[PDB]
Every structure is written in C-alpha cells, then in structure tokens.
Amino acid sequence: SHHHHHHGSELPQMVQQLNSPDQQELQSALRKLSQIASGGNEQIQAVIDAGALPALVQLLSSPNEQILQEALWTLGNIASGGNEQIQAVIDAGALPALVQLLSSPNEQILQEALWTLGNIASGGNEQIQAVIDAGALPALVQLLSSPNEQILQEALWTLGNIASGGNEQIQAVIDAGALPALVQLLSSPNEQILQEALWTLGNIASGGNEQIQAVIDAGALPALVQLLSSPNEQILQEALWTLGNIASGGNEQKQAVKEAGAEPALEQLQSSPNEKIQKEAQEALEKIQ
C-alpha cells in the first residue's frame, strides 16, 4: 500500500510553526515533518527545500526533551537519505549541537544523537570528515567504556561508520585512541558485544598498511586468535573477516599474523560445515603463505 501527496503550502507553514510560541502547534508540526522525512529521498528533499533544517538545528538546544527527541528523530531520518541530503544537514550546522549532546545524562537523547551522527557518518568521505572535524571522536571513544550495552552498541556503530571512510579517516579513529578500547572489548563474555566490536575493528583493519600496523600493535591478534575457538558462528565469521583484512596488508603484517599462532586454529576451521567459515578460514590461511 502507498499514499501520494503534493507539496504544498502546508510544508512551509509547518516549518514556520517550529518557531511558534505554541508548543502543541509546534509539536504537531514537528511530528508531521518527521513522518514526511521517513519516506523516500523525494520526501526528504521536500522537507529540506521547505527550509526545515535551520529551525530543526536550533531546537537541538531546547531544555524541552519532548521537542528535542522529535527534532533529533527528524534530523536522523533526513540524514538517512542521499549524501547531499546528509550534507544539507551538516551545512545547517547540526554537528556541533549533536556533539554537545554526546555528554547528555539522558540515555534516550544520547542514543538518538549517536544514531543521528551515525547516519551522517554513513555517507561519503566528505560527510565523514565533517563529523571528525566537528570533534565527535573523543566522546565516541570515551563511550566505548560505557557499562550501558545499548549506548555501547550505538557508539560502536557510529565509530564503525567513520572507520569505513578513506585511510585518513580510519587513522583519525586510531589517533583518537579507539584501538585499546576495542581490543579490550574482544575479551567480553558477551557475544553480542563481540560481534559489534569486531564490526568496527574489521572496518579499521580494512585500511592501509599503516592502519593495519596500528591494529597489530594494539594487541588485537592474540584476542582474534582466541575468538577462533568460539562456538558462535557469527563471531567466527567476524573474527575470520577481521583477520583476513589484516592478512591483506604487507609482508610485515602477514608475518605478524603467522607469528600470532593463527595457523592451527585456521586449519581446523577449514574443515567446518559452515560454508562461510570454511571459505574465509581457507583464504586467510592462504594469504599468509
């Protein structure tokens, strides 16, 4: 099922009502805009072109959480469209307000802010760079020690998105000090945390030799080889993939994987019922020959 609607003098009136001193008129317009921004790129574009972004960004400073959550939601949805749409969010000045929100004692606000930064960081290298230049990395890395598993997964995802940019963007992640926190997380008894940390680490390990060498130095290899003993097949797959990425580096990084005791563990996984596990294990093992 699908409804079509034309815009629309309503949309600017909607935008105009974000500055309205009537909070329920305000909230009604706000909910309406978030609903529209949750459609296609076409819909998202209509919200942008109606000039919603400056007003939405202003609301990120509100001491009213009801207003704020809905505005964050709207922004996050816009940032799930095209790169130029993500860019319009950045141009509107959303990033400094988003970063400031990373220190919120409100877990709902914090996760929504992280989720929105994540969406922005999911775009092109231009958009990723803006997040870094806005200064998100230090608060992001700090959140890696969070005892809150829900906040942790959200920070891991955003960091991973940042780390899927060019080699210089990955390096910014490494330089903000993400690697010791991640490596530590590889020691968790929580398989869900492991999958999340490996997603991010793997993105880092897919960089150039300098980025890969940093991963080696932070002691990721022993932890990765330990995970090759995991009964959980998702973990095996992520750990194999991360390792395969390291083993795609130079002779130096390859030699490091060889010295890490990975060959026995890989040789067993080569005889696995799981086809994905069988494959990545065979390949990882082959690259380091």
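Note that residue numbering begins at 1 and tracks the sequence as displayed.
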- For the higher mean C-alpha B factor in the entry, choose 162 to 170 or 78 to 86. 162 to 170
- Message: When the Cα temperature factors in the entry are averaged, is it 238 to 246 or 256 to 264 that ends up higher?
- Response: 256 to 264
- Would you mind finding, among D217, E191, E154, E107, the residue with the largest C-alpha temperature factor in the entry? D217
- Query: Going by the entry, which third of its chain does the Cα temperature factor of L228 land in?
  - Reply: highest
- Note on the structure: Among the modelled residues of its chain, the C-alpha B-factor of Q100 falls in the third labelled highest
- Task: Rank-wise, by C-alpha B-factor, drop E196 into the lowest, middle or highest third of its chain.
- Result: lowest
- Third assignment of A92 from its chain's C-alpha B-factors: middle
- Task: For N64, return the chain-relative third of its C-alpha B-factor as stated in the PDB record: lowest, middle or highest.
- Result: lowest
